[PDB]
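So the structure is just underneath, and the comments pick up after that.
No Cβ is skipped: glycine too gets one built from the backbone with ideal geometry, and neighbour counts run over all protein chains shown. Just so it is clear, none of the values below were taken in a lab; they were calculated from the coordinates.
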Amino acid sequence: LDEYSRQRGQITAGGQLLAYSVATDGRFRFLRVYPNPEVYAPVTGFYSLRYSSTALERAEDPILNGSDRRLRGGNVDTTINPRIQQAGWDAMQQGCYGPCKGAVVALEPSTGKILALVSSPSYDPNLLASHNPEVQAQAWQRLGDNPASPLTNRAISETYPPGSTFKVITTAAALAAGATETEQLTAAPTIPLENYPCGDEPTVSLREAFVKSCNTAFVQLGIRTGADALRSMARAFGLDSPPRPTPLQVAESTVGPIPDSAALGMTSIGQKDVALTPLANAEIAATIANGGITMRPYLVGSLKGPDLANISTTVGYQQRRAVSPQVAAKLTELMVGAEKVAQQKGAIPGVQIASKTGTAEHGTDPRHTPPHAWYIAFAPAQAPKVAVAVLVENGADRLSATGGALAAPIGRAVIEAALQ
């Protein structure tokens with residue numbers, strides 16, 4: 001009653017409103033409005049009479065409700081670029097011959113700004129902001145009963161096997177330990193794991209292995225490098241360390257225990273117990289993009305008073321160096337190569353993309369369930385302004401070179417929108 005008699009502040013992105021409150025005739029005076037609701041639900045969350053709040057409505061509640069000591073409520077200016085967020089959303093609604101389930105994350109590699117945070121399917125927070133008790137309850141019930149779980153922010157709260165994309169870490173680990181790009185790895189269809197034969201020869205170079213679908217090559221490389229170095233590289237890239245708030249909580253990514261050489265073989269190709277959020281996979285891309293330095297991801301650019309006087313501006317900071325500049329340059333070359341080999345649906349004229357596309361088996365029967373499709377990338381490869389990760393749940397195809405090809409045009413449309 002009291003809370004709703006004051007005008008809750010706004011959540012914005014790029015001068016656009018993501019959430020605001022309007023003075024109405026309701027017993028509770030102010031109605032929360034979400035003008036592009038499904039698109040921005042992972043960022044705004046909801047603010048509900050009956051069901052409380054989520055995401056930024058919850059995380060910035062003191063600022064928005066006016067009670068924050070630093071302080072009409074205050075406003076929250078996000079780092080979201082609306083043109084990028086919209087392109088991610090649109091591509092995810094069209095990219096699976098219809099709507100995809102999964103996530104898109106876009107990061108600015110030099111700063112750590114979160115440029116897009118997309119989850120699909122999504123939901124309309126206006127349903128929960130309704131002042132009708134019954135409209136709220138019915139919506140809560142329908143969302144909770146939906147097997148696709150539209151309430152889940154898949155970008156940050158859910159982890160998935162990274163599969164093929166984890167070869168970026170396996171490679172970093174090997175290169176840091178003195179492996180060369182001409183070093184020979186097996187091209188056999190099976191290794192005592194299967195390829196999704198790597199080539200017409202018994203062995204290929206590391207480069208050629210990286211650009212193609214050669215699980216067996218990477219099993220061997222991972223095993224050759226060993227568990228000590230693989231774990232240590234995974235940690236360098238943020239895995240198995242509790243992530244910092246964005247201010248939204250991010251689920252912890254992990255490499256798993258790795259009990260034996262068999263598990264090491266499996267881990268090296270992003271299976272076994274390796275599990276990453278889409279944000280963590282985008283951070284890996286952004287780290288490589290940024291010459292080996294991981295910047296801390298953040299979603300709130302600044303906080304403002306009711307008068308739009310600035311209360312706080314987020315400082316960007318260097319979390320950690322994951323790899324030397326030299327190793328980051330080598331990974332970049334390899335990823336430019338992997339993008340070049342791919343069929344060029346959604347290619348941007350005059351823009352060089354560095355990427356890694358692939359699949360990840362999952363579930364209690366990974367050999368029969370459709371694997372996930374992943375695309376992680378950054379661009380322009382030689383002076384990067386954007387890093388992306390695309391996860392399409394069960395999106396792997398049985399025809400493309402990598403099996404992950406459906407995720408790639410989604411990633412490219414996001415990059416296109418970022419560079420415009």
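Overview of results
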item	result
For the chain, radius of gyration divided by Kirkwood radius, i.e. Rg to Rh on alpha-carbons	1.01
Calculated over region 317-420: convex hull of Cα atoms, volume per residue (Å³)	128
Pairs from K272/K330; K101/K345; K101/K356 whose Cα-Cα separation, in the structure shown, is over 24 Å	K272/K330
Over 20 Å [Cα-Cα, region 116-243], rounded percent	60
Kirkwood-type radius of region 208-328, with distances r between different C-alpha atoms, in Å	16.3
Relative intensity, log₁₀ I(q)/I(0), of region 46-99 from a Debye sum that treats every alpha carbon as a point, q = 0.18, 0.22, 0.23 Å⁻¹	-0.76, -0.87, -0.89
Rg [Å, one decimal], Dmax [Å, integer] - region 347-395, C-alpha atoms	14.1, 44
Relative compactness, region 238-292, computed as alpha-carbon Rg over 2.2 N^0.38 Å	1.26
Among the listed pairs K113/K167; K167/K385; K113/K304, those beyond 20 Å (Cα-Cα)	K113/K167; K167/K385
Helix-derived mean residue ellipticity, 222 nm - over the chain, DSSP H n ≥ 4, -39500 (n - 2.57), to 500	-9000 deg cm²/dmol
Mean projected area (nm²) of the alpha-carbon convex hull when region 259-398 is viewed from all directions	12.5
Ascending count of other beta-carbon atoms within 10 Å, so fewest first, for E194, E181	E194, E181
